[PDB]
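Asker: with the input below, show me the fold.
(5 chains, ligands or ions: 1)
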Amino acid sequence: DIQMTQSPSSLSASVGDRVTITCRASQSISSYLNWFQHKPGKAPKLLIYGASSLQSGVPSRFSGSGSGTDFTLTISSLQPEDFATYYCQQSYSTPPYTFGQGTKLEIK
Amino acid sequence: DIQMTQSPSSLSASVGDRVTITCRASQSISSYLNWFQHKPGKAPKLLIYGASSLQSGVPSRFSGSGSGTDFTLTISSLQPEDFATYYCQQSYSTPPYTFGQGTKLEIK
Amino acid sequence: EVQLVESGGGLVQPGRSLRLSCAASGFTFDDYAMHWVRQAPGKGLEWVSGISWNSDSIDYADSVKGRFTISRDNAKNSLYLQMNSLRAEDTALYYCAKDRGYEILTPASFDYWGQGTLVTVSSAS
Amino acid sequence: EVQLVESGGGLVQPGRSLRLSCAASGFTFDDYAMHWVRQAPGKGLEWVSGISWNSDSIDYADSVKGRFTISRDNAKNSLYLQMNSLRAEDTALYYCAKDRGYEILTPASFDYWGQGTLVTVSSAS
Amino acid sequence: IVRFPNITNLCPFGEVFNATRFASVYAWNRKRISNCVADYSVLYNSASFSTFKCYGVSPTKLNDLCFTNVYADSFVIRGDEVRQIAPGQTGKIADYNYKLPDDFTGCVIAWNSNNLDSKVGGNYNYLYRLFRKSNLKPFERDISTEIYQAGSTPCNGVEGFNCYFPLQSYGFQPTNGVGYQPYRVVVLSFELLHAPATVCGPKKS
Ligand SMILES: *[C@@H]1O[C@H](CO)[C@@H](O[C@@H]2O[C@H](CO)[C@@H](O)[C@H](O)[C@H]2NC(C)=O)[C@H](O)[C@H]1NC(C)=O
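Answerer: Numbers count the residues shown, from 1 in each chain, chains lettered A, B, ... in the order given. There you are, the coordinates:
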């Protein structure tokens, strides 16, 4: 069994700030993490597949890092249209595709 | 995952004593444990299927008990042909049919 | 550019079956694995089911094991899902995701999604 | 009173292949499952493989996946185990267990066993 | 003093009960037991059966009552769903899978079977029917698997909206709770009719 946790819960920043979101796993998963941007009003999308491989078709503002049991995601600028809820999931352990709990983010 | 342990490794007794061997699991298995009698010279034999159900044709001297995580096998009479190595096996978790280490039993 | 749209959202009573279908247009449907994802009204995402490129490997979430039946029809380029013996905790929002690979349980995650269709189980108008 | 006799053991060089057979005659063979259990020369028992009553569901031990292929013959009341790409850590003793049920991964345990056959992997005469 | 002939040709209850493969509930198998001495004491004295309910006849008065025919039906159903195997009961099983007559006379056997019919991945050999046009009559079976016309749009053999598949399979798994574990069920039926009596209980001498 694997338990997936999300350390922060809510943030607030400005148009040109830099913020960090970190997602911790109960057991080693060897850099098999996935980040999703859940826009509140429409379909969620994928930002980073794999450890820190940036998905084709999104701005390079986002950048992740980390492997083993701790991971981190940072937003370079946090322009005002990027506020949403972000999720982390693992695809390595026996419980398939366990999502983390949300991180509501407000820009002000 | 799951881990399986054997508290005793070597025991000493006589023909007129009682012996108890305990088997401990890392996680709950819900009364799904099996005890095997492995003679050093022939094919090993099963004694107890389930937590405390005794297989047909074996003496009633062997008595098993316990549920959840900690289990124990008890022997009452210690007939002098009861020298062997005993293993406890779980059949409930994803790693299939995990065996505990040996438990040598000699009489003196 | 691919489009993932589904239907069948509505109100049904508990213990009544309901079938959902999802239409995929923008890509090659014959050789991609497909999944279903559930969004609880006040919780986070949750995986439901998944089928391979062809129906040899089918997997279900533990909470829906023996209640649902996921199908696939490569001829019409659309997939289906059957909900049976519904209880009150299935009032959530369902998405129709697409896997990058061709197998069900691979490190490849869900690359394209679609807008959800809300379902409710109760006894009302 | 059931009989399980094995053969095919011996000594082979590392990297070579050898086959095992286990004949059953004391019970009805067409509707029980069977396994193979390995006993190290100086360690405890370890599961290796298993097959269903009919060859539908087959599972393998983690350390032997991609090397061992278990087979079954319902007509002749015998099962086989093809060992391939042997290394230096497979010099153990092999048993031919019988499952109590009809599937592979069930709470039911191994019911009847047989005397082990000795295999050796080294470069000697 | 009483001296009766030797006991021979016993009924094969052992192979009916101590079997390995039971059919699904919607396709239960029926076996006619006749022309043998039937000792029901070995069934009752066993502690393996969790549920032993007899309707119309006390269980210990069977070893003297001589019938003419005994029918055995075997199937596998859920845990909290075995209560529907009783005369005058309602539910999915009673409505669409297996209907017992209101005046049924016999005994129902049920014992837990989580040790054989639960696969860690999921056992899908067992299916139960969900829909039918009408309720099953007492003691009949349905095997056809046509698409259930849920609404008024004709299915024409093609699955669609309001065109569902009637057979759904149990997702049996050792992790399931007590109420969702499989429960083997055997139903014995006793008939009296204008024919010579064949089955009897053992007559001790
Ligand atoms: C098989 O059926 C028998 C009854 O015919 C069950 O009970 C066995 O009865 C014998 C004596 O007739 C006793 O040794 C035990 O009470 C039972 N045998 C064993 C080996 O336990 C028996 O429980 C049935 N077995 C199964 C697996 O259902």
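
Asker: all strands of chain E, in order?
Answerer: E:29-33, E:51-55, E:69-77, E:106-112, E:127-129, E:148-149, E:163-164, E:167-169, E:183-191 (DSSP state E).

Asker: for residue C:45, which of those strands is the nearest?
Answerer: The closest of those to residue C:45 is strand E:167-169. By Cβ to Cβ, the value is 25.8 Å. Using the backbone N, CA and C atoms, a C-beta is placed for each residue, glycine as well.

Asker: picking up where we left off before, residue B:86: which of the strands of chain E is closest?
Answerer: Minimum separation from residue B:86 across the strands of chain E (Cβ to Cβ) falls at strand E:106-112, 27.4 Å.

Asker: partners of the closest one, with directions?
Answerer: strand E:51-55 (antiparallel), strand E:183-191 (antiparallel) (DSSP bridges).

Asker: so that strand, near the ligand or not?
Answerer: No: Strand E:106-112 stays out of contact with the ligand when judged by Cβ under 6 Å from any ligand atom, the minimum separation being 9.2 Å.

Asker: between that strand and strand E:69-77, how many degrees?
Answerer: For strand E:106-112 against strand E:69-77, the angle between stretch directions is 30 degrees (axes from the mean of the first three to the mean of the last three Cα atoms, to 10 degrees).

Asker: ok so, going back, would you list the strands paired with strand E:106-112 in a markdown table and tack on mean neighbour count?
Answerer: Listed next are the strands paired with strand E:106-112 as a markdown table, based on neighbours: other Cβ atoms under 10 Å in any protein chain shown:
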| stretch | mean neighbour count |
| --- | --- |
| strand E:51-55 | 14 |
| strand E:183-191 | 20 |
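
Asker: turn the strands of chain E into a markdown table, columns for distance to residue A:68.
Answerer: Rendered in a markdown table, the data for the strands of chain E read as follows (distance: least, Cβ to Cβ, whole Å):
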| stretch | distance to residue A:68 |
| --- | --- |
| strand E:29-33 | 55 |
| strand E:51-55 | 52 |
| strand E:69-77 | 45 |
| strand E:106-112 | 43 |
| strand E:127-129 | 44 |
| strand E:148-149 | 51 |
| strand E:163-164 | 47 |
| strand E:167-169 | 40 |
| strand E:183-191 | 45 |
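
Asker: ok, which of those comes nearest residue B:71?
Answerer: Closest approach to residue B:71 among these is made by strand E:106-112 (20.0 Å; Cβ to Cβ).

Asker: which residues touch the residue in chain A that chain B sits nearest to?
Answerer: When distances are taken as Cβ to the nearest Cβ, chain A approaches chain B most closely through residue A:94, which lies 5.5 Å from it. Contact analysis of residue A:94 by Cβ atoms under 8 Å, 6 or more residues apart in numbering or on different chains lists A:1, A:2, B:94.

Asker: give me the contact list for stretch E:47-60.
Answerer: Contacts of stretch E:47-60 from elsewhere in the structure, counted by Cβ under 8 Å, 6+ apart, are E:40, E:43-44, E:65, E:82, E:86-87, E:103-112, E:190.

Asker: try it again with 7 Å
Answerer: Contacts of stretch E:47-60 from elsewhere in the structure, counted by Cβ atoms under 7 Å, 6 or more residues apart in numbering or on different chains, are E:40, E:44, E:65, E:82, E:87, E:104-112.

Asker: end to end, how far does it reach?
Answerer: Here the two ends of stretch E:47-60 are set 15 Å apart, with distance taken as Cα to Cα, to the nearest Å.

Asker: distance between that stretch and the chain's centre?
Answerer: The gap between where stretch E:47-60 is centred and where its chain is centred comes out at 14 Å by Cα atoms, centre = their mean, to the nearest Å.

Asker: which of the residues in the helix or strand where residue A:71 lies are buried?
Answerer: In the assignment (DSSP states H and E), residue A:71 maps to strand A:70-75. Of the residues in strand A:70-75, those scored as buried under the neighbour-count criterion (16 or more other Cβ atoms under 10 Å in any protein chain shown) are A:71, A:73, A:75.

Asker: look up how far chain D lies from the first one.
Answerer: In this structure, residue A:71 and chain D are 26 Å apart, going by Cβ to the nearest Cβ, to the nearest Å.

Asker: partners of that residue in the sheet?
Answerer: Beta-bridge partners, per DSSP bridges, of residue A:71: residue A:23.

Asker: need the contact list for it.
Answerer: Residues in contact with residue A:71 (Cβ under 7 Å, 6+ apart) are A:22, A:23, A:33, A:64, A:88.

Asker: can you count the residues close to the closest residue to chain B within chain C?
Answerer: Using Cβ to the nearest Cβ, the single residue of chain C nearest to chain B is residue C:62, 12.5 Å away. Other residues near residue C:62 number 12, with proximity taken as other Cβ atoms under 10 Å in any protein chain shown.

Asker: just give the number of residues close to the nearest residue to it once chain neighbours are set aside.
Answerer: Once its chain neighbours are removed from consideration, residue C:62 has its nearest residue in residue E:175; the separation is 7.0 Å (Cβ to Cβ, 6 or more residues apart in numbering or on different chains). For residue E:175, the number of neighbouring residues by other Cβ under 10 Å comes to 13.
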